[PDB]
Structure formats: structure tokens, C-alpha cells
Amino acid sequence: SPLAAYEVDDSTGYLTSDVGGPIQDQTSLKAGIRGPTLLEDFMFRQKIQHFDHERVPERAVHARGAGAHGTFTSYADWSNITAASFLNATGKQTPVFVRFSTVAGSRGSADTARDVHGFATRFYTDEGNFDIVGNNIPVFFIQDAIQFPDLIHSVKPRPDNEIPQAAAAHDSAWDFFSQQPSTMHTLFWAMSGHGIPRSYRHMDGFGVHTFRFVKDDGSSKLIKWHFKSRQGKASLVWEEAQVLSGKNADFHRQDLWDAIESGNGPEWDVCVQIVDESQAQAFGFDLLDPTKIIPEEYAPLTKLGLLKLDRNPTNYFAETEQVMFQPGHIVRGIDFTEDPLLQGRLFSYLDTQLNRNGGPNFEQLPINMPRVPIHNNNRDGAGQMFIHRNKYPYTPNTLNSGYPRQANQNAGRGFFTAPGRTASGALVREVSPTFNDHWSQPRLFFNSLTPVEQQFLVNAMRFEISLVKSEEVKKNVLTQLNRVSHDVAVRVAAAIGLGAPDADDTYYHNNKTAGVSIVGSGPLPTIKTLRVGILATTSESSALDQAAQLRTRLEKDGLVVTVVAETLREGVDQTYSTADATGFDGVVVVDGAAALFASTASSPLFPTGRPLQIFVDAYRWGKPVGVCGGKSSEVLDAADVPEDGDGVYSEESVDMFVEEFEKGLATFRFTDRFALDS
Amino acid sequence: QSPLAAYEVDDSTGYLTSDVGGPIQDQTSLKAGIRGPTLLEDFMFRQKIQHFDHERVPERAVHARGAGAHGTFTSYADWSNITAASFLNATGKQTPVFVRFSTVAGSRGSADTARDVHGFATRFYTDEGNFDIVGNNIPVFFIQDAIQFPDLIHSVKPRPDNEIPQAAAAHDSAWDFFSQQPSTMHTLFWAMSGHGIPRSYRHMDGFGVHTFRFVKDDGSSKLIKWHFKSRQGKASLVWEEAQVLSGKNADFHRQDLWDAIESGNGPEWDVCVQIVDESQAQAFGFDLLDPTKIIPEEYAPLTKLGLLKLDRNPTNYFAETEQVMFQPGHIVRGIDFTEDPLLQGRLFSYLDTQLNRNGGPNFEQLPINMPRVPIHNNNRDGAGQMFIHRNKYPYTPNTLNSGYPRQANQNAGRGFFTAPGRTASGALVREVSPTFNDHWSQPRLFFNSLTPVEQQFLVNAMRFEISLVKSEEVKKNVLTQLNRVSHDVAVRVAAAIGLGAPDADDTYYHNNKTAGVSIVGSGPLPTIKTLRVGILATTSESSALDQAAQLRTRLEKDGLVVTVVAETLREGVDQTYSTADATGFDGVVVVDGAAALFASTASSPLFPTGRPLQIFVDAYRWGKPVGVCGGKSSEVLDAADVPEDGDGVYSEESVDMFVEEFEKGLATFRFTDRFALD
Amino acid sequence: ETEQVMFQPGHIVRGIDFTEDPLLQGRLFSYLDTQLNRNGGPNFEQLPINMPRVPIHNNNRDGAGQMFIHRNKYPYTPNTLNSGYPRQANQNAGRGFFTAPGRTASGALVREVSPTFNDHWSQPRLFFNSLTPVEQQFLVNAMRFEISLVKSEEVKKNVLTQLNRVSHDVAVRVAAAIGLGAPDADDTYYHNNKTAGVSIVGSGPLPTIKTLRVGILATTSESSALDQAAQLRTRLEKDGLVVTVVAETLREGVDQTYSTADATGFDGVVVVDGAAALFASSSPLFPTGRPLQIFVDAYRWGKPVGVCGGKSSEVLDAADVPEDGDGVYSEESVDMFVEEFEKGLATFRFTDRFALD
Ligand code: HDD
Ligand code: HDD
Ligand SMILES: [Ca+2]
Ligand SMILES: [Ca+2]
Ligand SMILES: [Ca+2]
Ligand SMILES: [Ca+2]
Ligand SMILES: [Ca+2]
Ligand SMILES: [Ca+2]
């Protein structure tokens, strides 16, 4: 690890300058006790110069994000399908670093914005660093990389006033979506729960593009990368996400950091779909088109290995802020395809690191370094940290005996372009007609959602498009939505007081695909790390005893228990003042605390009605809620929460209460609490 | 015409060109065949993507989140009797300005409504050079020596292992620093008051913080404090409102300012000074060099120098607001520095830090930084040099350029000059003046000057933040410092966190008060123009829409911003219930034709369960004027648990009588009787 | 290493301090700032050549190019969450740097020059008086060279005004080259004082001749010339001189061709007398007259020169070099030749070969 060598311990010692001279840094040097500061105060200037220069440009996209270290372990020797060294043996372990992100927001924007999310993975392999720079949505908005600045200018804030932050809910974004119909598939995913995932751990990763697996014999197959969550799939609801953005902008980064610290590091199966080169145009679309998925019914997933994140960074800036991913970080055994989106990405990620790092030696930062020797004739540049011993860095040479030697298909385990690849035809700036169906797959996706998930997606579009001020953009939006689904256009039009266009059935169909629905993906496979708020009181000795019994029972099963009361003490984690329903996956009231839920309840220690609002918000957002103790009746009445409700619990016995409540936590959301269009 | 019209680029017509004027396209990559790989010879692709890849610059090291506008400063008099400053030398003399407002801790995407200190930075483009006053909305600063700035800022910014939490002092490190560095107490009390969560940039004041000098053409000097006094009045959010608003509208302050300017409600401030003699530096019971102290207005009254009005929004946010580079080193003849060790070190920081932001030394050439008078100097070259200098002899002294440019000084060329009565005497020391040692009296002065509900809000802010501090040593240390300002504050805060306050230490306790620091105490707002009224209506009753239309006409006559809310958009409805929130309004009105939407059984797929009532309830609980217009008020007020006889609760059949009452409620702004007191 | 080394007078250690020299004072600012230009970022002290050889303990963080992974997640002072580390270093603890505690300041805040700085001419005259006569001539001749290339007549006149304040004789001798009259003597700062240690010509023979360069001019024509050169090489290399044998073409024992050779390549030049024919009144292998020109240039520039082997008149007469000149050597004995020649290398320059005013 080039990180180990660069760790700096300041647990002991006297303060020094950056050149090791012991100094102080608390008072400026002045001409007299009430005098002006001296230019000769080098202690002042070195410290303030460093401060003045701490910042670097944020990433042009995915500025908001968080990372962790872990390991990838291969399940098999995959030599039969790829030459890739990190996949060449059962049990072979490769260190990883992953960064998760949103896309549009700046640094400091909220984790729980509605957005596409990044899932970028570095494998520090024994044949070089290999990055899979993916997203949580398997399809992209655009079909050619040259359009990326158009997409991103349109979804980022309007450039006269820089409003709005971290949101596509503005005219320019919906203008672009409605004028560039390729956007429909990713737009449908972003308007689904996939736009507001419950955590980084509860979302999948996708390479998006078709890539190639290349064997040592030169043969190739076409692949798609899928990183399948072992925590299950889960979403927030929009109203909840909006509050959580305010209450805790750091929710996803905190969730990941806490899961790793608690020994619950998240896991994914790293999978591929594998298909023959001859199938590029066999599935009714082009595998070069990054707006399309291969339905799992046409190509099943093969599990290649386990990705586990299990160690947080030491210094966020040095590791997470400075990690510089590139799809150009490729290894022998993998190749590109002629996807015009992927093709232009390769240029962008090498160039942009010059902006971020301010100079060309960014691969020398410890987080970017490889775990194998570097042998090349790259030299000099600002921030050069190496002292090269070869004073003949040119090829061909005799004065360094021909080293470094060329690597290729037959030498030094070189990367090689898949030798079956060809190109033929005119040099054109033309789109393939095979890319022209922008609407069938958006429909496939929409069909594959549950009825309440379809409603959530319609309601997300109703929310955003109602904030578009241009009547002509809103009309154009309905024109494009109508090509995917007349019913979606009609339901969205109803919220904005416009008429939908007449049905246009060209791309309408009834087909569905497995594995894209969140609500449909069944109970969560584990409830470890899920958050339980216990609403108690210091008023009643019994209320703190009830809380402490629930705590033992719930903590047994790996739940993160927060006991909330008016004030802190032994056994109480948080005050009502700091508590919010967005902080919990389920909420339990101990019946000992009933008096806090009365309409007349008031305290200077928390805002009017806070205890009941927590319970009501949790219920209205679909969470498991209940009252534990015996007068379960009374609290449920104040909340207008029906005792016979799905995901509403009411037990005198703590043992019975928890057994029922933990099933609700796995169900995770009670969708019968949301109204559907007729 | 904008003051920067010479630099404007119009793209309302024309064909796409490269940056060198070659007509091009930018929508499809050049490929070897229609399904081929992209070509390196595609310069169209690479120039567009290189530009995109390099769009970002480092955010400001502090004050990264902010927003700006153009306007005019107008002098009320000829101030040559106190200052040589040209921009102040005649009655009615006009100078263009640019102002940026900001928070301090958050990154450039963080919420406007975080609790924080705020920036108020003003550039005067004077006829004798650019003059900047780089101020805050709080008149005192945390620390007494610039060399400590990185300590303060590291402690309040996110913890550097995981970069949590964003835009908040509510974590261990910050309260560790506050409790170990007692100078922080005065600013801390201001930040924990409503001055930490201002209602808008227009509803806060600006302060230079430091003592400066005014210097006459005869060389005599006076000591001054700058105060920019809002002509809009002072107003705050409540914390539990600010937290939701951070999620519902991270852009609230920048939108409020932008909208005020577009509506012809450009905000205004009286630019004022306190003026005292050089002999009064240590006359008021503290040192005028100490930036943790105010001069109570009872000791030195404000003199109004002129009017600051902001009335023009930027054309390009990045080019004007993101790129504006303020400096206290931007000083003009007639002003001088003081030996305040905080101001002293700032002068270094703001010249250096622009190298980080701009990437090169020619940042004063950016349009927003250029002066409006000629530049004559021997500065040359550097990256990004825009000027073509004719003078081939840029050294002094010269004969080959006839001795030009000529030296400017007190006696020639209207030169800047150091106040000539200034001296220094004594040892060259890294020592703090004992005159700086009282860190507690003025925090007590401030606390004493707040109303009772205001004192409660400040206690509650401290209770909120300190309850989130994990360390029991840090919480005890915080109570030790707060106890030196006020035993009552320490006891009340300690009650929320389950510790005992230490015994009273009355060394610094006193009962003195000072005018002009209280928000609650500053009486009704002088204008209600721009304040926001939400009218909750329904499409289900044509008569509810008629009530809303009649209310709109009458409220808009008085310059209120009216939003009619209903289930769906149509003519006369601005916003759906789905996108509406009480944080969007300064007052809420329900038309009694919509009373059915407030029923417990009310449900719609078009908005979250209970949304209409929650808007009314939140508005009431946050202290806003609320009412029901039309005569049938019982169903709504009873559903909301709001008493018809409450102060700032309105029930009238007559639209005219409703609006007359409700408008007095908007001027009152907050009904503080709805908040519990210890 | 060399291009990236970033020196600073702000790189100071306990036991050294600054003075109020206004030139030094402003340097402290410049050298910290300028490394931002060179490095493009604030972490230039992390470059290997700039790193210290002792631990770094401070709360500097982040910046482009940050190489460290800091473990201390509480980088502020004062702190309890990192137990108050790093600790402040000062005069009394941790071997801190400290400003000399006797230093004071007193007076107005001024942009004024100390009148104690105003004598700009006495020390130039002290320096000039301390040079030997030939060295004064060299200095006059450097000023005559440079000032003759100044196009402005008024600049040239202003230069003579200032030079005249140091020395009227300098002004007169410079003026003679540029066709101007010197201004009348102004004796305010004239004096006859001298100081030791500033003269090069007067600093006596070099204390070592190791590394000094001896060019041996030979020929491939005459196998005996190559034999003479080989014998001379052996004798000179024994004493640590760097020997170059020059001939028309390369072969074993010949280092350079006459085409690439120049008198500026040598501190001393020896012709072996077997090569005397090359010193007469042409070849496609080198420019016309090259062998003789190397000898003549070496002589004109003051170097020790000579002929080894016993026959010197043909070479020295072709060169217009007198056999009895100081720093001109002729011996048949290689040992004798080298003993005499080495004394000449230590003398280094024979300054009797330069004309004086
Ligand atoms: C032509 C430009 C372009 C295009 C078409 C894309 N991107 Fe990209 N992307 C960039 C240009 C870029 C960039 C400007 O080069 C960034 C900013 C920071 C960086 O390292 O690269 C970036 C960053 C970035 C990151 C953040 C990595 C990190 O955490 O540091 C992720 C996850 C993605 N992108 C993912 C994608 C996916 C899955 C794409 C489509 C399949 C995609 N991008 C298309
Ligand atoms: C020694 C360093 C230091 C100290 C003691 C302070 N600041 Fe500062 N401040 C900076 C170093 C700095 C900076 C790093 O130089 C920034 C970042 C961006 C910039 O141009 O300057 C800055 C930015 C900055 C801005 C943003 C200007 C804009 O909108 O672009 C404001 C309003 C202030 N500061 C105000 C203050 C006030 C009122 C202070 C105390 C009275 C103060 N700062 C002390
Ligand atoms: Ca827009
Ligand atoms: Ca969902
Ligand atoms: Ca740079
Ligand atoms: Ca190849
Ligand atoms: Ca902390
Ligand atoms: Ca307040």
C-alpha cells in the first residue's frame, strides 16, 4: 500500500513547519504588544498560505460523494472467458476503493436529492489499476459523449442565478429531456425510487456500456457489468427525502461510514451478462446503445466475485476527494466497444484530472498509485515525486539496453485491442438508425414496476413538471411522455392543468422484465443496520424501563436503536429537539410516554408537537410504527393511526412486539398508505 | 446597460462556432463508420469536452456558498471634513457597487438556511480605485489574531476523516474549539441567536467588524466602525423552520434577493460609521484593536454616510458572482488600517488566495474585478495576461519613459498614504495584549440585550447543538465557558444534556444592555413589500378559486408576493399542494371554500396525506400570521388546534378587513407568544 | 532535483534570526509566494528535494497534490480531542524558533529611506582601489564594451555622471571609448583606501591545479607526435590534470578533433613538436588555420602555452609568441616541461599580455 508509507502521525510531538523546524502558530509577530504584524513572520505566512490554497476544483459532475476501502474476491478461475489477472483464480483477492455520489449537485449539496448516482470502483490489480466507473441506473440519458455538456448544463442550476441546486425540477432540464428523447429511459429510472435510494448500500452498480471480455487466445465476448446489492434494494419516499435533505445532508455518507465502523461493511455480487459478438443486434436493439438494457430473460447474470467495503478513509480529502477514476484504467482481458458515449468518456477522464490536480502527476497521489512497479518514459511535470534512474527515457534505445520493453499480446502481459475488431465505412458525424427507438424500453421499465411504484413515478413527474414555468416546455414534455405511455401523459397532465396528446401507440407494449422494481424485490434479506427510534420520556420511570427492554431485544438483532426523550441521561441517545422521523426506519412509542402525544403538550425543550409529528411522519412515509406496553390504544388515536393497519403494531409483550415489528422492518415500506389514481 | 456591458457575448442568433470563430456542429462525434469508434481528429468533440472538463474552479476557502448583485452607492454629504475618500466627497455622488452575501462554513452547494455567520462583502468601484468592505452580518469575530483562522475553520468545517457534518457547528470539534478558545464566546452567542438564521440577506445588517481609520487630506485620523443598517428591517427564521427550508429550498436566500431585484424591490442599507478619536482606543473599557468587541451605540452614535441599493442581477453567475475576488487590501486614499491582529493578517490572505481560485496572477483583469479608472503600473506578464503594454521601460526610476508612471503619495497624484500619526514602539513579540483578555463581559452584554423569547431561542440553539456533541469532556468544558458569561444560560443548557452546571462564577456577570442588537426587539418591519402569502384553495369549488382571486388582487396591490395553492395547476393557481410548504410563506390564508381539504379523512394521489393542514399547522407553530377568510373558520382552525382568539390568527368574512388585519400580522412578522419559556 | 529545488530565506532554524535590512525583509515574502507559480500548488515542500530529514508535525492540510495521509482528525489548536498535540514550540519549550528577544522597533510607520544608506559611491571606490592595475583595466574595458552598445546619448551621459562620483579616472577612460567627455571631477566620495580579499588577480597562485584542462595539439601524420602526446598525457594525468589530445581525426589516445576543439576548452595548451607542420600557413577535416588559432587564442587570453620536444621556433614564430615570454614554455624533457607548465597553470593567467591605458 503506497498509503501506509504516506500516513503521518501527529499523536505526539512539537509543532513544526513543513521543513521540520519547531515553531508556534497561535500569535502573530508584531512591532510591540499593540503593534502591526511583521512581513518577517514566516510562521504566519506558511500557515495562512496553506489554508488559502486548501481547496481544489470540485468534480465537474458527481461533486457530492463518499468513499471506502475494501476487497474484491474472485469466485473462480475465469480464464475461460477473460485474460483479466484479478479474475484468474478462485479466492484471488484484490484491494478496492469505491466512491458513491450524486451527479448534479455541488460539494455540500444533500445526499438525498433526486438524481442519478455514481458507483465508481477501483480494483488495484496485480496487472494495474482497473476502474469500473458506473452508476446506480443501468442506462444513460444520451447516446453520444459529445452531448454530455448539453445534458449537464441543462440539469445543473440556471447560469444567471445558479438556481436550483441538485435538482432537475426546472425549465432547462425538462426542455432538454423533451427535445432529446434518448433521455426517456434514464429519466423514468431517475423519477422512480432509484432516484432517491435509501442508502449507497441499498442500490446496485452498473457499468452501463457494453464492454468486451478478451481471452489470451484473442477471442472476445460482449459483457455488461452488474454489481448486485447483498443488502437488498430500497428507496426513500420523496416527501421524506426533501425533509432529510435539510435535517441531515450527510445521510448516505453517514450511513456508509457507520455500517463499516459497526462491522456491517456492505457487499455486492460482481456479475456480468455475457453474449456473443454475433448478438450485437439480436435482442431488438443495438448493444452499442447505452440507453438500452439487455433484459435478464435474454441473458442471465453470472456471479464473478464478492465486493466488500470494510474500511473507512483516514483523511477524506487525501483519499476520497483526490481519487481520480478513469475508464482508461483498463487491464489485459477487458476491451472497449464502439458505444459513442463510452468512446468520448475515455478522453474526458484523463483530461479533467489536470483541472482537479493542477498538474500532470495526479497518478502519483497515494490513492491513485498502483500496487505494482511502474516502468515508463513519462518525465518531469509539476509535482514530480519520483527520481528516475534511467537517463535514456526514449524508445528505441541502446543506452538503456532497450528497457523498458514493449508489452503486447505476445510480450510482458501487454494490453491488446480485441483482434477481431474492425471498422468499415465513411468517416461520418451520423447517428446509427439502430439507436432510434427512444421509447420502447422506458415503457418496458414502467410496465415492470408495481402499481404504487408507477404512482410514485407519476407523482415525481407531477412534482417536477408543475415547477416548469414554460407552458411550451410542459406541452413538449407531455408529447414525449405520451410516446412511452398514454396513461402516464394523462396522469401527469392532470396535475399541470393541460390536456395530454392523443394516444400514439407506435412504441406501446405490455412486456415486463425482472429485477428493475424496488417495491417488487420482496422483503430485505437483512435488517442489520436499520434504525429504530424509541420515543420515551424522563417523566415516567416505567417509560425508560420499557425503552431499555426494547433496546436489548432490538440491538440483539443488529438494529441501531435510538432512545429519544426530552433531555439526555443514562440510556437516552437524543433529545426530541434533534430527532426527526427521517432519522429512523421504524418508530416505537413506549405507552409510558402517552402524555407527550396530547394536542395540549408543550415544552421549552422541543418544538410544539415534535413527539407526535415524528410518529405521524413515520406512519405517513410508510414505515413500521407501533406502541409497546398495554395502553397501545391511546397513542394510535392521537396520531389518527389505525390499530388494524398493515405495519402498525400494538402489543403489551415486548417479545411479541419486536417479533412483529422486525418483520415490518424487512417489508421496509407499507405501500397501502399511498393513494392511487383511478 | 450593465456596468460590464463591454464584456457581454450575445448568442441570441448565429451558427455555432469554435472559440476561434470556425462554424462547427457539436451533436455527433466523428466515427470510422456509422457504428465505428470515435476519431482523435475530431477537434469539435475535444474542444467542447476539454472546456467542460475544466469548467470548475476551487470554491472559496470560506464563504463558498453565496450570491451577489450590482447596485449603486449614493453619498448623503461631502465627508471631506472626516475622510479624503473620493466616493464620499460630495452630496449625491454615485459609485457603482457589487455585493456578495454568503454563509461561512458550508461548501458551494450547501443550504442558505444553515445556522452560521454570514458574509456581506461590498465593492465600491470608485473614481480613485476599487474599495472593498469585506464584512459579516455579526459585528464581532470569533478570534483575536488572524494566525488562528485555520484553527477556527478546521474546527467548524466537517470532521476531516469522513467530511461530516456539512454547514454546521453541531459537532465535537467545533465545541472543543469554542470551549478551549474563550474569545469565541461573543460571536458564538450572536450565531446561536436569530442572527445565525436570518430571514433573508435583505433582513440582515453588514459590519466591517474591525476598527479602521478615516484619514483627512491634512493627515489627521479618526477611528471608525462600519455599519450597514438594513432599510428592510431585521428578521429571523426559527430553527425548526430553517431545518425544513434547508431541504425544501437550499436556494432560499439567493432566490429571495434575485426576486426582490426583479420586482423593483431592490434592497437598501444606510452605510453608517461610528467615529471616535484616536485617544479613545482604550476609553470604552476594552481595546478598539480587539475584533471581539462592539462599541455600544450608547457610547458612539451611528452617522449615516450614504445609501447602498442593490437593483441589478448578474448576467452570468460564474463570471460575476463566482469570480468576484474581494480584498481588504483594496483600500483608497482617505481610509487606513488599524493594528487589529485579525485585520492585519487578513491583508495577506485575500491577495494570496486569489492565486488558488484564478490559477494565475492576473485575476484583477476579470471583468467583475476591473476598476472603472485607468491602470498605470509596471506589473507585467503572468499567465492569462490580457493587456498589451506599450511602455517598453517598466521600471522606476527611468528616463526612457520620461519618469512615468509617477509616484503617488500624500503630496502628489492623490496617492494612498499611511495615516502619518501612526507609530510602533516596543519589543518584536508574539504576545497577546492583556487589554484583549475579557472574553465574557460583552457576550453577557449581548445576551442581556435580547428579549425573553430571544434568550430562550439562543438557549434552545445551544441545547440543540451541544446535545449532538459525543464527548462528555467537551460538553463539561462548554458549560465551564458558558457559565462565565451567564450561570442561568449554563443551567438551562445543562438541563437538556443531563449534566450539572458548574457553580456560579460572577467575575464577568453584569446587568448592562445595549440597543440595536435584538431582532425580536426591533419592532414591526418598516415594509411588508416582497413578503410571501400562501392562499390554500381547491379546484373542487369554483367559489374557493373566486375567494383566492379576490384575496390576490387586494394583497398584490400592497406589493405582497401571492401564491395560490390548489390540488392541480390552472389559470390563477401558482403551485400544487405537492410542491407547497409553510417554509415558502411569511403568512398563510385558507379560503373557507377549501375547508374540506383540512378533514382528517382528506386523501388524494395528487399530494401527500395531510399536506393542506400541515402547511397551516407548520405556519402557526413557526409563529407566522395565519387565518381563514370568508366567515366559516371553525372546521379549519379546529382541525389545526389553532384558537380563533390567538394573536396573529385572523378570521373575517370581509376580504378588505381580513387583509387589513393580516397585513399588520405580516409587519409583526412573528407571534412569539406561541413559544414555551423555561 | 535541480529544477524543482525551492530555496527560501524563510527556511530558518533556531539560533539564526533576520535583521531589518529592507532587501532581506521583502525577500521573506517573495520566496514563499513564488513556489506557488513554479509548483502550481501549495504542497511544494513535499517534493523529495524539498522534504526535511526530520518529522513534520503540523495542522497544514489538503491543497492540490497533497501526498500525506494525516491520522490526526482534529487539526486545530487549541484542542482536547488530540490531547493538545501538536504542542507549541518556543524559546522555552520544544526547541522552537524564536525572534531575537532584544529586537525592538520605534518610530512612525514610514515609507522613507534611512539617511544612513545614502553613500552610494565610497565602497565602489574602495572595491576599485583594491584591484590590481590590469584588473582595473579589465573593469574599465567591460564598462567600455557595454556602455558603447547603449544607443541613448543621454543615458551614456548619465552613466558617466554616476561613474565620475566613484572615480574621475574611470569616467575619463570609459568616456574615451564612447566619444563623450567625462564631467569634471567631483571629489566628495573619492579616497585611496583598499581592502584585502576582493581582488582575483591579486589572490595569488591557485592552491590546487587538479581538474585544470590541458589541451595537447598533435597530429596523426607523425607516429612520433602521438608518442609525445601519450608520454605527456601520462605525466600530466599523474597530477590530476584533465588531458585532451587533439588531432585531425580520432583514434586510440586522441580525445577530440581539431574541428570540435577550441582554446576555451583548455586552461593550458601544449603543442608536441612532431605536430609543428600543422602550425604553418588547410584540410576538409577542420577550418583553415584551426590548430594555430587554438594556440594563438590561448596565448592572447593569458593561458600557459608551450611546445614540448625541443623544437619550438617554428610553432612560436607562426604564433607570434616570444620564447622568453612569461607563461611560454619550451623543453625537450617531458618531466622538465610538465614541472614548468604546472607552475604556469597555478599562476593561471599571465596578465603582462594585456595593454593598459
Ligand atoms: C464526455 C464526458 C462524460 C460522459 C459522457 C460521462 N461522464 Fe462520467 N465523468 C466525466 C465525464 C463524462 C468527468 C468530467 O470526466 C468526471 C468528473 C470527475 C472525473 O474524474 O471525471 C466524471 C465523473 C463520473 C463519476 C464520479 C467518479 C468519482 O466518484 O470520482 C462517475 C461515477 C461517473 N462519471 C459515471 C458515468 C457513467 C456511468 C456514464 C455513462 C455511462 C458517464 N459518467 C458519462
Ligand atoms: C487570515 C485569514 C482570514 C481571516 C482572519 C478572515 N478571513 Fe475572510 N476570507 C479569507 C480569509 C480570512 C480568505 C481565505 O482569504 C477568503 C476566501 C475567499 C476570499 O476571497 O477570501 C475569505 C472570504 C471572506 C468573505 C467572502 C467574500 C466573498 O463573498 O467573496 C467574507 C464576507 C469574509 N471573508 C469576511 C471576513 C470577516 C468579516 C472577518 C473578520 C473580521 C474575516 N473574514 C476574517
Ligand atoms: Ca431553468
Ligand atoms: Ca419506491
Ligand atoms: Ca495551475
Ligand atoms: Ca493492440
Ligand atoms: Ca467533530
Ligand atoms: Ca429570533
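Order of listing sets the numbers, starting from 1, for every ligand and every atom in it. Residue numbers start from 1 in every chain, and the chains themselves are labelled A, B, ... in the order their sequence lines are given, proteins ahead of strands.
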Classify the side-chain pair [X]/[Y] by whether it contains a donor and acceptor separated by less than 3.5 Å.
{"X": "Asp340(B)", "Y": "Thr338(B)", "value": "no"}
{"X": "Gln255(B)", "Y": "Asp259(B)", "value": "yes"}
{"X": "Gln26(A)", "Y": "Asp151(B)", "value": "yes"}
{"X": "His50(A)", "Y": "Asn59(C)", "value": "no"}
{"X": "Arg345(A)", "Y": "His209(A)", "value": "yes"}

Below 4.0 angstrom, N of the basic side chain to O of the carboxylate: do [X] and [Y] qualify?
{"X": "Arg59(A)", "Y": "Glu321(A)", "result": "yes"}
{"X": "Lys474(A)", "Y": "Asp171(A)", "result": "no"}
{"X": "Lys30(A)", "Y": "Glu339(B)", "result": "no"}

Using a 4.0 Å cutoff against the non-hydrogen atoms of [X], which atoms of ligand 2 qualify?
{"X": "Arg357(B)", "answer": "18 (C), 19 (C), 20 (O)"}
{"X": "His210(B)", "answer": "41 (C)"}
{"X": "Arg60(B)", "answer": "18 (C), 28 (C), 30 (O)"}

Practice item. Under the ring pair (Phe, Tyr, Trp, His ring centres under 6.0 Å) rule, collect the residues that match up with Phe100(A), sequence neighbours excluded. Key: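 Scan of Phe100(A) (ring pair (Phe, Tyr, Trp, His ring centres under 6.0 Å), adjacent residues dropped) gives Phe119(A), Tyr200(A), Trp268(A).
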Check your understanding: What residue pairs, at least two apart or across chains, pass salt bridge (charged side-chain N to carboxylate O under 4.0 Å, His left out) with a residue in residues 136-149 of chain A?
Key ->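 Sorted pair list comes back empty.
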Point to revise | Mode of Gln326(A) contact toward ligand 1 - side chain, backbone, both, neither (heavy atoms, under 4.0 Å) | key: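 Neither part.
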Check your understanding: Counting only heavy atoms, which portion of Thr352(A) has something under 4.0 Å from ligand 1: side chain, backbone, both, or neither?
Key ->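 Just the side chain.
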Exercise for review: Could you see which bit of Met325(B) sits under 4.0 Å from ligand 2, with heavy atoms only: side chain, backbone, both or neither?
Suggested key: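 Under 4.0 Å from ligand 2, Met325(B) contributes no heavy atoms.
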Review point. Contact between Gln353(A) and ligand 1, counting heavy atoms under 4.0 Å?
Key: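 Under 4.0 Å: yes for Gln353(A).
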Review point. Does at least one non-hydrogen atom of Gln147(A) fall below 4.0 angstrom from an atom of ligand 1?
Key: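 False for this residue.
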Review point. When the aromatic ring centroids of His69(A) and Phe97(A) are compared, is their separation below 6.0 Å?
Key: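 When the ring centroids of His69(A) and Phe97(A) are compared, they turn out to be within the sub-6.0 Å range.
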Point to revise | atom 29 (O) of ligand 1 - nearest protein heavy atom and its distance | key: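 Going by distance alone, atom 29 (O) of ligand 1 is nearest to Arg99(A) NH1, 2.8 Å.
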Check your understanding: Identify the closest protein heavy atom to atom 27 (C) of ligand 2: which residue and atom is it, and at what distance?
Key ->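 Going atom by atom, the protein heavy atom closest to atom 27 (C) of ligand 2 ends up being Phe326(B) CD1, 3.8 Å.
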Check your understanding: Which residues and atoms, protein N, O or S only, are under 2.8 Å from atom 8 (Fe) of ligand 2?
Key ->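 Sorted hits: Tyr350(B) OH.
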Review point. Quick one: does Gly66(B) get within less than 4.0 Å of ligand 2, heavy atoms only?
Key: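 The answer is no: ligand 2 sits nowhere under 4.0 Å from a heavy atom of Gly66(B).
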Exercise for review: Check each atom of ligand 1 against the heavy atoms of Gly134(A) and keep those under 4.0 Å away; list them by number with element.
Suggested key: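 That gives atoms 32 (C), 38 (C) of ligand 1.
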Practice item. Would you mind listing which atoms of ligand 1 come within a distance below 4.0 Å of any non-hydrogen atom of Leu341(A)? Key: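 Reading through ligand 1 atom by atom, the close ones are 5 (C), 40 (C), 41 (C).
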Practice item. Only counting residues at least two apart or in another chain, list the ones meeting salt bridge (charged side-chain N to carboxylate O under 4.0 Å, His left out) with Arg122(A). Key: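 Testing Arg122(A) for salt bridge (charged side-chain N to carboxylate O under 4.0 Å, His left out), a comparison that skips the adjacent residues, returns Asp131(A).
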